[PDB]
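Q: Structure provided below as structure tokens; questions to follow.
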Amino acid sequence: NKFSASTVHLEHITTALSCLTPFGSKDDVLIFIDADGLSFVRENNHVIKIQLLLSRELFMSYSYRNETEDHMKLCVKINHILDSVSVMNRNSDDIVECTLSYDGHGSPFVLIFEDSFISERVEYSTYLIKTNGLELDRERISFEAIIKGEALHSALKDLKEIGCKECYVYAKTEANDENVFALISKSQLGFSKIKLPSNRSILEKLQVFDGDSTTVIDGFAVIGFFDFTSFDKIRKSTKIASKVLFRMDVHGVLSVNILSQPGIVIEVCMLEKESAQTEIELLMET
Amino acid sequence: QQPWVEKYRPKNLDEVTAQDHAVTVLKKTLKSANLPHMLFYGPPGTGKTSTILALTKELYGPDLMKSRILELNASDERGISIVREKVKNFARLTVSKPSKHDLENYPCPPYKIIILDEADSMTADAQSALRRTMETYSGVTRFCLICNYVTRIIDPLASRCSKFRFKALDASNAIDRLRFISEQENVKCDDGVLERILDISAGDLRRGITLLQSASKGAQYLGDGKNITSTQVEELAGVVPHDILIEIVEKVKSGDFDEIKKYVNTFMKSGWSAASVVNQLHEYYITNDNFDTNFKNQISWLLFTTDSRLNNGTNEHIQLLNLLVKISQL
Amino acid sequence: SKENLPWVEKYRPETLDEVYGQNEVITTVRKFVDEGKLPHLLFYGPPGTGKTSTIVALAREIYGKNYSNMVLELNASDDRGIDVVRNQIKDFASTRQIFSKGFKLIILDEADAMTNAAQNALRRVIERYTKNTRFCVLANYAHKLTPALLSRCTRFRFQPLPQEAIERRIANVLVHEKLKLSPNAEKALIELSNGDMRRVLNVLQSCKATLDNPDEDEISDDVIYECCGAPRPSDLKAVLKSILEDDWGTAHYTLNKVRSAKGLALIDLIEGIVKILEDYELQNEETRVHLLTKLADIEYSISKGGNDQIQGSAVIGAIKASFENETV
Amino acid sequence: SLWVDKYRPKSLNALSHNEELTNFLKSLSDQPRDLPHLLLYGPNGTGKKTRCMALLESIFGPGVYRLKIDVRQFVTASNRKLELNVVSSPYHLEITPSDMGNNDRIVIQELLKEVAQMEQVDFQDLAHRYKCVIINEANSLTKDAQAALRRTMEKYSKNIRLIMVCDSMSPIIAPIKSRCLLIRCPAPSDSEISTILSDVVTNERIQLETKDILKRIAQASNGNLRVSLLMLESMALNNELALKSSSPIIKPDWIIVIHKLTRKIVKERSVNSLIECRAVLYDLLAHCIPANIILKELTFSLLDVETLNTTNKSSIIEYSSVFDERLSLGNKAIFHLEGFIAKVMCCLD
Amino acid sequence: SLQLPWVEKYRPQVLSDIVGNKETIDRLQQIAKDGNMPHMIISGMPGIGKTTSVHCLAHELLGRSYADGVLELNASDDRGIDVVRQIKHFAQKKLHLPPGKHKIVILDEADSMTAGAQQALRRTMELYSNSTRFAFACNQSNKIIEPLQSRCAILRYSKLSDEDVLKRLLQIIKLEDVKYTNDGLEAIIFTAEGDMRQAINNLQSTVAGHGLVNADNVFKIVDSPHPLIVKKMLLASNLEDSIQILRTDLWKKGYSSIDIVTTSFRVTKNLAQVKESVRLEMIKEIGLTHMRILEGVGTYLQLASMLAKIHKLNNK
Ligand SMILES: Nc1ncnc2c1ncn2[C@@H]1O[C@H](COP(=O)(O)OP(=O)(O)OP(O)(O)=S)[C@@H](O)[C@H]1O
Ligand SMILES: Nc1ncnc2c1ncn2[C@@H]1O[C@H](COP(=O)(O)OP(=O)(O)OP(O)(O)=S)[C@@H](O)[C@H]1O
Ligand SMILES: Nc1ncnc2c1ncn2[C@@H]1O[C@H](COP(=O)(O)OP(=O)(O)OP(O)(O)=S)[C@@H](O)[C@H]1O
Ligand SMILES: Nc1ncnc2c1ncn2[C@@H]1O[C@H](COP(=O)(O)OP(=O)(O)O)[C@@H](O)[C@H]1O
Ligand SMILES: [Mg+2]
Ligand SMILES: [Mg+2]
Ligand SMILES: [Mg+2]
């Protein structure tokens, strides 16, 4: 078997699968197999992409005896996996040892559930491969904000409750410790604003650059016009996030980094709309 | 056991008679791996389904077929939704890993075949939703379309599919196969028989083997150990006897409308098929030397119109009577 | 890899250099690409003329390694309803192109199969995000597209491929497969294609498979006619001569013998005779009308099946009838 | 019960109106294991269904006439719940897909496919091994249910066999006819119908006065045995258990209505007459009488008028053929049924 | 990668740059200045300025409040009854506009809206007529329900003439300093067929391909409208010429047979100098050919037979 991974903490992979649901629920899923860990990649409409990673440390056994190629790529549907694991989690209270397996190209993705009495085995059919171009430039970051998970989840839930057809993000740090970070929404209520606090427990670090990630300046704000349909795709991932890192460059790509508690790392890349700017500035100067 | 049609079905590509222009190409495919998209069209009972099944068996084998073959026919739904999801998903599937036995005994090409039999019954939208499915996944999936009327296949789809026409199986190219079946079923026949069967069965070997099976059943039942004669096969087929045809044409020569009306009324009670009597009248009237060029020119169109009307599913009493009245007034 | 592919897909052009026959449109789009402005294009023409190849090669010379992040290709194999247009296309157009290669491209292959609601909704997506995206529409039937959609798209017509382009591409295929083709065989191939590259490639593949020794063995016209199952020119001329001059019985016997010699169908013979009839110098002008009407009826009936022996006699009668008014 | 059902032959040896066909059926039933798919075609009421049931008895032994009705329901492409009566036997099955309309496709693709998929093997299983399904009125299948049958009865023929009864095989597609053995059932001669009626009156008390009235029944029935027995019972009930030579040959009401229509057409040829003809045609169609039969009977009543010359009759039959072709490839029957009449009275004038 | 197409680069921004419909454009300018713009329905054919005039009207009318005053909805946006119940909050909004000015709701492509949406639009147009005004723009006015057309002033835009197309082409050319000749511009107008957008696109394509706008360069990349070739084919005297057109200018040029049949139907509907009996016979023959084409027989012999039948019914 070119790849084999065993674990009993099935809640982690369950949260990995429930964090992949927001990006459509009946479509194809890319799984990258490498020595470092197990990663799921999903892309929607060429505008947003998620990338979860299950590290080797999450499995007691992680062989990867494959030698011809450094990384293995397979494409399997997500509806099949969801519909299977949904009925498999009927007796999840039992001590289940999940076993992932993949024998190479042309072989199905195996998912064995052993309870020491019953060994359910499922072979998922692998499809042809149609996902990196949607990555921010690391030398062009205009703002870098570290936000707590609970606050961001609450803000996203509020924006959902307000409707929030369109969304805006602000990143301004003035001369003093005036770190301003807000999530403005264009909703039925009108022009609503959710301002994150400047205190260090919610907003640990805000740093605004001149599109080079090296020169810090104050008094200038970076504006991001995002469709809330794509912005709500990170709500289910922030629900289990300890700290969330926000990064955006001048090309209009927002990279949400979510770390869970080791737990699971979630990377979401989001594209910016064409594009109200003066209205944003006037509302936040007010 | 089983009907001789489902008992003498070609198992390999060497048992497919009368179609070498396509079987040779499909055999050359076995050594190579560049099988194109195929469009099999021809008259009914010419061997298209048998040819494709034999090719599939020879390419994959019984074990790998269940994973590398998808067959969709008119007996299952093939709407736009099915075409856009199920066929697309099967084309998108990865080629399954062949076993060591399969690799050591069968060529095992690195692609799968989607067989769409009776594709003429598919709607135009469903066929349009196939074009890019075939084009994009051509290197991992192959398509075979089976139909009887090539016009019912849209031009874009017919362009991407290699066209293989299956010839009609007449007495000059299928006599050997029917002889083989006869000698392997111990069927005794007179000289001339097994050729009249193929003449009655115009381009159809399925019917020329079902007729032979029925003749053999009856001959075994009667139990005199005598050969099967042309009369028996003709009667079993449904061919009108020559005396009845001569009476029909004499009535036509008479011209009286009521005489023809009453003879047709008493003839339709015998249950004879209108197509068969029309065909026999065609043979008589065209191959005879007692009629002028103008008579034949007019009657050819008359028979053509009658046959076209009959093929549409119309009353045979009204069409036969009209044809005979018309032939009486030329 | 690319050696186990059908010749229709193995020889798909990758650059605009390899697209032959369509010269004016290729020149115009190359100049459009170089000048940096690309309008909303609409490609129209018969199937297998090189529209998809042309647009894909253009979008590879316009983007490059990011041809997968800048181009959104939707076709008939994908659902393209009102919701799809309102959500997927709208979100692809509104988002930014990461500045990569300027504008983004949307290729709508087989747009003639799209519903009228989707085409009507696409009108205000084409002309609103034209600053960020350019739409290309590929269609074979222009009557299925709304006039408004035709208004906002630049129409380029893909003509049927001329003889010279077919000859050049056949030479490329031959050199790449180590094959030999006689001039008469090339004539027959270019004539049977009817301005179609895919038919040419399929027939050439079948010809290669037909030959015993694909190398050292040439593809004569006889091989082409055997594999494609078309009547020889001499057969059509002989059948026509027998119908015109000989009596009914001799004409019927000659037609039957010609068809049984190589298992020729009746529809191909009808088409071949139709062309010669089209060429004739008729002097009554009712000959032409009767010929066309009767033979079209026969062809339609054949398309629905029936007695294949009644239809041949019908053809002979139609010809004799029409060519009796010529002498009138 | 009716005399058509009470005296129905219930075996292959009880058939007495065609002996060559009975010999052929016996030959088919001698070795039931390799029985092909059969298509019985011939005039209506000759006994095709009786012959099929006799053959099924001969192959599966007695047990096939114990019919019971099963209610089977489907759903169309959309959410249209549909019902089809399924009369079944321990050894065979009978359905009438034409009774459900244009949606016989779902019936063929679900019921027949399900029965054909089941092997019927009973602990390592001619008799209760393969299955026989009878398709009544195979002509009315709408050119698509016949497409779904091409593979159903070719791939699963090991555990199912098809025997369909159809009057005429013009509307049946060529692929369906190719896969099946054609069995022709000619109509009985008047002497055979007279003999059958004589047997019935011998087992009954209709108290015939002359055996030249049974010949009149046979001649008036035009070779239809069910109709012949129906008239026999009719007269033998209206005229008491007594059949005098003056007894009136009873004909169906729609037939005499069509004859009245014919006489009206011959007499009156005017627009108002055309409207009254339309009213009568609508009344006939309100009784679910098929339009092709209406046209056929109207044409053959028009051709029976002694006051019409040969040219008028030839024009009538030509118009009948043209409008029958139109009716076949049509949606509303009234248009063609009215066009035929209009042309008829435009020609007779 | 920085240039915009000439269709969008030269889209008029003021009502004075909208050629054609002289009287309608003057009326629109008067409404822009006076104010009190009524409910309007703007119909016409593609490429005449039905949206470049409603947007210009809204601009010149609202002006600085063109962001909180113009609620633009089109087919690309969802416009169900639920949306019509976005159109209610916008109407209920109070904005301090100059005297005589009203908010504008530009419902582009109102012919594609659902009937429930229109039945609710009536409620909105009835309860909030004193603050906001609705400007429907469509291609066929009959697709808007009569109760909505009752409350609106219908303005029908006619086809743009050759002079108003030539004037705008000359303006665009002087702005783009391209080279031309009279015959080339005449050919561009001829192929435009009353379409300004198509004329601009053809001029842009000709300039890009060659640079000089003459007849040859225009006609080698832009084809003469095929409806006119269909009309020429159907009006031929003898069958030789008609079949000759059908082949050379329609079959070998790549036009599909079904397209030819549909165009022939429309041409026959709008044909002149032909008797009604002849016209209906030609309609019947074209319908039969359309039936044959749709059933699968898309052959040149069917079209030749159709032309033969048309000639046969013409000469008698
Ligand atoms: N060339 C052939 N050699 C031998 N048997 C043949 C040949 N062609 C047809 N048959 C026989 O014909 C019967 C049916 O043939 P099929 O190929 O399955 O039918 P078909 O060609 O698909 O016609 P359809 O399905 O109506 S289009 C089988 O019993 C075959 O054995
Ligand atoms: N001009 C050309 N030069 C070389 N090969 C061509 C040319 N046109 C077509 N082909 C070949 O024909 C194949 C099919 O043509 P495509 O361009 O893919 O389809 P198409 O021409 O757009 O026709 P439709 O409308 O999509 S069915 C290509 O993959 C090529 O192999
Ligand atoms: N009257 C006009 N004068 C000048 N240019 C015009 C005029 N009308 C349209 N255009 C041009 O056409 C393009 C804008 O098209 P529109 O006016 O929006 O077409 P339309 O009349 O709205 O037709 P529809 O309904 O959208 S298909 C631009 O390139 C304009 O320059
Ligand atoms: N050989 C026969 N002897 C006596 N009655 C017969 C015979 N054949 C048919 N009949 C009568 O004809 C009636 C109807 O026959 P039916 O099965 O309806 O023929 P079809 O299937 O052609 O309509 C039956 O009720 C039966 O009594
Ligand atoms: Mg078949
Ligand atoms: Mg294409
Ligand atoms: Mg508009």
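So you can find residues: chains in the structure tokens are A, B, ... in the order shown, residues in each start at 1, and ligands are numbered from 1 in order.
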Residues up to 7 Å from ligand 5, counting only C-alpha atoms and all ligand atoms: could you list those as a VMD selection string?

A: chain B and resid 48 to 49 117

Q: Would you mind exporting N, CA, C and O atoms of the selected residues as a compact mmCIF listing (two decimals), in the first residue's frame?

A:
# COMPACT_ATOMS: atom_id res chain seq x y z
N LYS B 48 -23.93 -5.17 -35.40
CA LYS B 48 -23.24 -4.08 -34.73
C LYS B 48 -23.04 -4.38 -33.25
O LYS B 48 -21.92 -4.28 -32.72
N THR B 49 -24.12 -4.76 -32.56
CA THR B 49 -24.01 -5.07 -31.14
C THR B 49 -23.08 -6.25 -30.90
O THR B 49 -22.27 -6.24 -29.97
N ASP B 117 -25.94 2.27 -27.03
CA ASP B 117 -26.70 1.56 -28.04
C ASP B 117 -28.06 2.22 -28.23
O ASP B 117 -28.63 2.81 -27.30

Q: Taking only C-alpha atoms and all ligand atoms into account, which residues have an atom no farther than 10 Å from ligand 7? I'd like them as a PyMOL selection string.

A: (chain C and resi 123-124+127+148) or (chain E and resi 42-54+74+107-110+137-139)

Q: Would you save the residues from that selection as a short mmCIF file (atom, residue, chain, number, x, y, z; two decimals), in the first residue's frame, using N, CA, C and O atoms?

A:
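Below you can see result-v6.cif, which holds the result:
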data_model
loop_
_atom_site.label_atom_id
_atom_site.label_comp_id
_atom_site.auth_asym_id
_atom_site.auth_seq_id
_atom_site.Cartn_x
_atom_site.Cartn_y
_atom_site.Cartn_z
N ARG C 123 -26.46 39.24 -21.08
CA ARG C 123 -26.27 40.50 -21.78
C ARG C 123 -25.66 41.56 -20.87
O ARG C 123 -24.74 42.28 -21.27
N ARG C 124 -26.16 41.67 -19.64
CA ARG C 124 -25.68 42.67 -18.71
C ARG C 124 -24.50 42.18 -17.88
O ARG C 124 -24.05 42.91 -16.99
N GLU C 127 -21.54 43.31 -20.90
CA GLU C 127 -21.29 44.72 -21.11
C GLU C 127 -21.07 45.51 -19.82
O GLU C 127 -20.87 46.72 -19.89
N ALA C 148 -29.96 40.17 -29.35
CA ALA C 148 -29.19 41.06 -28.48
C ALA C 148 -27.80 40.50 -28.22
O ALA C 148 -26.82 41.25 -28.23
N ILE E 42 -39.17 52.37 -22.69
CA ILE E 42 -38.35 52.63 -23.87
C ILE E 42 -38.16 51.31 -24.60
O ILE E 42 -37.47 50.41 -24.11
N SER E 43 -38.77 51.20 -25.78
CA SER E 43 -38.68 50.00 -26.61
C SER E 43 -37.81 50.29 -27.83
O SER E 43 -37.30 51.39 -28.02
N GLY E 44 -37.63 49.27 -28.66
CA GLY E 44 -36.86 49.38 -29.88
C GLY E 44 -36.04 48.14 -30.11
O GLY E 44 -36.19 47.13 -29.42
N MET E 45 -35.15 48.22 -31.09
CA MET E 45 -34.27 47.12 -31.47
C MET E 45 -32.89 47.28 -30.84
O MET E 45 -32.57 48.33 -30.28
N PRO E 46 -32.06 46.24 -30.90
CA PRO E 46 -30.71 46.35 -30.31
C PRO E 46 -29.87 47.44 -30.95
O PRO E 46 -29.99 47.71 -32.15
N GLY E 47 -29.02 48.07 -30.15
CA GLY E 47 -28.03 48.98 -30.66
C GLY E 47 -28.54 50.34 -31.07
O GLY E 47 -27.96 50.96 -31.97
N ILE E 48 -29.59 50.84 -30.43
CA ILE E 48 -30.17 52.12 -30.78
C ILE E 48 -29.98 53.18 -29.70
O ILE E 48 -30.09 54.38 -29.99
N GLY E 49 -29.71 52.78 -28.46
CA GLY E 49 -29.48 53.75 -27.40
C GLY E 49 -30.60 53.81 -26.38
O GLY E 49 -30.91 54.88 -25.86
N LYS E 50 -31.21 52.66 -26.09
CA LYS E 50 -32.26 52.61 -25.08
C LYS E 50 -31.72 52.61 -23.67
O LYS E 50 -32.39 53.08 -22.75
N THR E 51 -30.51 52.06 -23.47
CA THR E 51 -29.88 52.09 -22.16
C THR E 51 -28.86 53.22 -22.03
O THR E 51 -28.75 53.80 -20.94
N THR E 52 -28.15 53.56 -23.10
CA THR E 52 -27.29 54.74 -23.10
C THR E 52 -28.07 56.04 -23.01
O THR E 52 -27.47 57.09 -22.77
N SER E 53 -29.39 56.00 -23.22
CA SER E 53 -30.23 57.16 -23.03
C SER E 53 -30.90 57.20 -21.66
O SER E 53 -31.01 58.28 -21.08
N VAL E 54 -31.30 56.05 -21.12
CA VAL E 54 -31.84 56.03 -19.77
C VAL E 54 -30.75 56.30 -18.74
O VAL E 54 -30.99 57.04 -17.77
N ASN E 74 -31.34 44.57 -13.52
CA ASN E 74 -31.36 44.03 -14.87
C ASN E 74 -31.52 42.51 -14.79
O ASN E 74 -31.68 41.94 -13.71
N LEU E 107 -35.08 49.67 -14.55
CA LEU E 107 -35.25 48.23 -14.67
C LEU E 107 -34.92 47.84 -16.11
O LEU E 107 -35.80 47.69 -16.96
N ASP E 108 -33.63 47.67 -16.38
CA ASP E 108 -33.19 47.26 -17.70
C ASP E 108 -33.68 45.85 -18.01
O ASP E 108 -33.75 45.00 -17.12
N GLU E 109 -34.00 45.61 -19.28
CA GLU E 109 -34.51 44.31 -19.72
C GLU E 109 -35.74 43.90 -18.91
O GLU E 109 -35.81 42.81 -18.35
N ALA E 110 -36.72 44.81 -18.84
CA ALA E 110 -37.95 44.51 -18.12
C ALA E 110 -38.81 43.48 -18.83
O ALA E 110 -39.77 42.99 -18.24
N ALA E 137 -36.82 49.67 -19.68
CA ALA E 137 -36.16 49.57 -20.97
C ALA E 137 -36.27 48.14 -21.45
O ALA E 137 -35.90 47.21 -20.73
N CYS E 138 -36.77 47.96 -22.67
CA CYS E 138 -37.03 46.63 -23.19
C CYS E 138 -36.82 46.64 -24.70
O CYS E 138 -36.60 47.68 -25.31
N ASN E 139 -36.87 45.44 -25.28
CA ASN E 139 -36.79 45.28 -26.73
C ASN E 139 -38.15 45.04 -27.37
O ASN E 139 -38.34 45.36 -28.54
#

Q: At a cut-off of 10 Å, which residues of chain B touch chain E? Count only C-alpha atoms and give the answer as a list in words.

A: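 In the required form, that comes to residues 124, 149, 150, 151, 152, 153, 154 and 155 of chain B.
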
Q: Determine which residues of chain B sit within 6 Å of chain D, taking into account only C-alpha atoms, and present them as a compact mmCIF listing (two decimals) with N, CA and C atoms, in the first residue's frame.

A:
# COMPACT_ATOMS: atom_id res chain seq x y z
N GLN B 1 -32.36 -25.14 -24.53
CA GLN B 1 -31.15 -24.27 -24.41
C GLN B 1 -31.55 -22.81 -24.59
N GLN B 2 -31.20 -22.24 -25.76
CA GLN B 2 -31.50 -20.81 -26.05
C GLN B 2 -31.82 -20.66 -27.54
N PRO B 3 -32.54 -19.59 -27.97
CA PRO B 3 -32.79 -19.36 -29.39
C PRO B 3 -31.47 -19.33 -30.18
N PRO B 44 -31.05 -3.16 -39.54
CA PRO B 44 -31.20 -4.01 -38.36
C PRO B 44 -30.69 -5.42 -38.61
N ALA B 74 -31.67 2.08 -24.92
CA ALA B 74 -32.98 2.73 -24.86
C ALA B 74 -33.86 2.18 -23.75
N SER B 75 -33.47 1.08 -23.11
CA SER B 75 -34.25 0.51 -22.03
C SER B 75 -34.06 1.24 -20.71
N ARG B 207 -33.23 -12.61 -38.53
CA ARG B 207 -34.45 -13.22 -39.03
C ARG B 207 -34.18 -14.43 -39.90
N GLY B 218 -40.36 -27.28 -36.91
CA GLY B 218 -41.46 -27.95 -37.59
C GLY B 218 -41.04 -29.25 -38.25
N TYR B 221 -40.69 -31.85 -35.77
CA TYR B 221 -42.00 -32.24 -35.25
C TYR B 221 -42.70 -33.21 -36.19
N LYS B 269 -58.57 -10.73 -45.05
CA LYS B 269 -58.96 -11.67 -44.00
C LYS B 269 -57.92 -12.77 -43.82
N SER B 270 -57.15 -13.07 -44.86
CA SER B 270 -56.11 -14.08 -44.77
C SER B 270 -54.95 -13.66 -43.87
N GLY B 271 -54.87 -12.38 -43.50
CA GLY B 271 -53.84 -11.92 -42.60
C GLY B 271 -52.51 -11.59 -43.23
N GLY B 313 -47.29 3.54 -40.34
CA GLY B 313 -48.27 2.95 -39.44
C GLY B 313 -49.69 3.30 -39.81
N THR B 314 -50.09 2.97 -41.04
CA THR B 314 -51.44 3.32 -41.55
C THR B 314 -52.25 2.04 -41.81
N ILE B 318 -56.83 0.13 -46.63
CA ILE B 318 -56.98 1.40 -47.41
C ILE B 318 -55.77 1.57 -48.34
N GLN B 319 -54.56 1.25 -47.87
CA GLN B 319 -53.38 1.48 -48.70
C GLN B 319 -53.27 0.43 -49.80
N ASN B 322 -55.97 1.16 -52.43
CA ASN B 322 -55.62 2.32 -53.24
C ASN B 322 -54.50 2.00 -54.21

Q: Can you work out which residues from chain A touch chain C at a cut-off of 10 Å (counting only C-alpha atoms) and hand them back as a ChimeraX atom specification?

A: /A:44-48,130-137,225-227,229-230,249-253,270-275

Q: Tell me which of B:46, B:197, B:162, B:294 sits closest to residue 322 (chain C), counting only C-alpha atoms.

A: B:294

Q: Among region 35-279 of chain D, which ones does DSSP assign to alpha helix (DSSP H) (computed from the backbone)? Answer as an NGL selection string.

A: :D and (48-60 or 104-107 or 113-117 or 145-155 or 174-178 or 190-203 or 213-221 or 225-238 or 253-267 or 271-279)

Q: Where does DSSP see strand (DSSP E or B) in region 44-254 of chain C, if you list the residues as a ChimeraX atom specification?

A: /C:44,71-74,95,104-108,133-139,154-157,180-181,218-219

Q: Return as a list in words the residues belonging to chain B that are within 6 Å of chain C, counting only C-alpha atoms.

A: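 Residues satisfying the distance criterion: residues 21, 25, 28, 33, 34, 36, 84, 129, 139, 156, 162, 167, 297, 300, 301 and 304 of chain B.
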
Q: Mind dumping the selected residues with N, CA and C atoms as a compact mmCIF listing (two decimals), in the first residue's frame?

A:
# COMPACT_ATOMS: atom_id res chain seq x y z
N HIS B 21 -14.49 -4.57 -43.49
CA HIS B 21 -13.99 -3.20 -43.55
C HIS B 21 -13.92 -2.56 -42.17
N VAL B 25 -10.30 -3.11 -38.94
CA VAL B 25 -9.83 -1.93 -38.22
C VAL B 25 -9.88 -2.17 -36.72
N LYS B 28 -7.04 -4.40 -35.72
CA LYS B 28 -5.78 -3.65 -35.67
C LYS B 28 -5.71 -2.79 -34.42
N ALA B 33 -3.26 1.15 -29.32
CA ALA B 33 -4.09 1.66 -28.24
C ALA B 33 -4.79 2.95 -28.64
N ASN B 34 -5.05 3.13 -29.93
CA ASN B 34 -5.59 4.38 -30.44
C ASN B 34 -7.00 4.18 -30.98
N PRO B 36 -10.53 4.97 -31.84
CA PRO B 36 -11.26 6.24 -31.88
C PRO B 36 -12.69 6.10 -31.39
N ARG B 84 -25.58 14.51 -18.49
CA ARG B 84 -24.70 15.51 -17.90
C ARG B 84 -24.09 15.07 -16.57
N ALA B 129 -25.01 17.57 -25.38
CA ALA B 129 -24.28 17.52 -24.12
C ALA B 129 -23.22 16.42 -24.09
N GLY B 139 -8.77 10.81 -23.96
CA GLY B 139 -7.60 10.01 -23.64
C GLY B 139 -7.78 9.03 -22.51
N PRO B 156 -22.65 17.49 -35.28
CA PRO B 156 -21.47 17.62 -34.42
C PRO B 156 -21.01 16.30 -33.82
N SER B 162 -15.92 8.10 -35.54
CA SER B 162 -15.57 7.42 -36.78
C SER B 162 -16.76 6.59 -37.25
N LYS B 167 -22.79 -3.50 -43.55
CA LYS B 167 -23.47 -3.82 -44.79
C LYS B 167 -24.64 -4.76 -44.52
N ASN B 297 -42.23 3.34 -64.88
CA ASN B 297 -41.90 4.61 -64.25
C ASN B 297 -43.01 5.03 -63.29
N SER B 300 -43.37 2.43 -60.23
CA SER B 300 -42.30 2.52 -59.24
C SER B 300 -42.61 3.60 -58.22
N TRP B 301 -43.05 4.77 -58.69
CA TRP B 301 -43.44 5.83 -57.77
C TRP B 301 -44.67 5.44 -56.97
N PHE B 304 -43.54 3.12 -54.31
CA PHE B 304 -42.75 3.89 -53.35
C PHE B 304 -43.66 4.66 -52.40

Q: What are the closest atom pairs, with distances in Å to one decimal, for all residues of chain E lying within 12 Å of chain A? Consider only C-alpha atoms, order rows by chain and residue number, and present the result as CSV.

A:
residue,atom,partner,partner_atom,distance
E:67,CA,A:276,CA,8.9
E:68,CA,A:276,CA,10.9
E:83,CA,A:188,CA,11.6
E:86,CA,A:188,CA,8.0
E:87,CA,A:188,CA,11.4
E:88,CA,A:188,CA,11.3
E:89,CA,A:188,CA,8.5
E:90,CA,A:188,CA,10.2
E:93,CA,A:190,CA,11.0

Q: Write out as a PyMOL selection string each polymer residue whose atoms come within 8 Å of residue 51 (chain D), counting only C-alpha atoms; drop sequence neighbours fewer than 4 positions from it.

A: chain D and resi 12+15+47+55

Q: Please produce an output containing C-alpha atoms for each residue in the selection, written as a short mmCIF file (atom, residue, chain, number, x, y, z; two decimals), in the first residue's frame.

A:
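Done, and the output landed in again-v2.cif:
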data_model
loop_
_atom_site.label_atom_id
_atom_site.label_comp_id
_atom_site.auth_asym_id
_atom_site.auth_seq_id
_atom_site.Cartn_x
_atom_site.Cartn_y
_atom_site.Cartn_z
CA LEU D 12 -54.31 -26.73 -28.17
CA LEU D 15 -58.84 -25.51 -31.77
CA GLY D 47 -58.61 -16.31 -31.90
CA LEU D 55 -49.85 -22.58 -26.35
#

Q: Identify which of the residues E:313, E:288, E:208, E:154 lies closest to residue 34 (chain C), counting only C-alpha atoms when measuring atom-to-atom distances.

A: E:208

Q: Identify, counting only C-alpha atoms and all ligand atoms, the protein, DNA and RNA residues located within 7 Å of ligand 1, and give them as a ChimeraX atom specification.

A: /B:4-10,15-19,43-51,118,146-148,177,205-206 /D:150,175
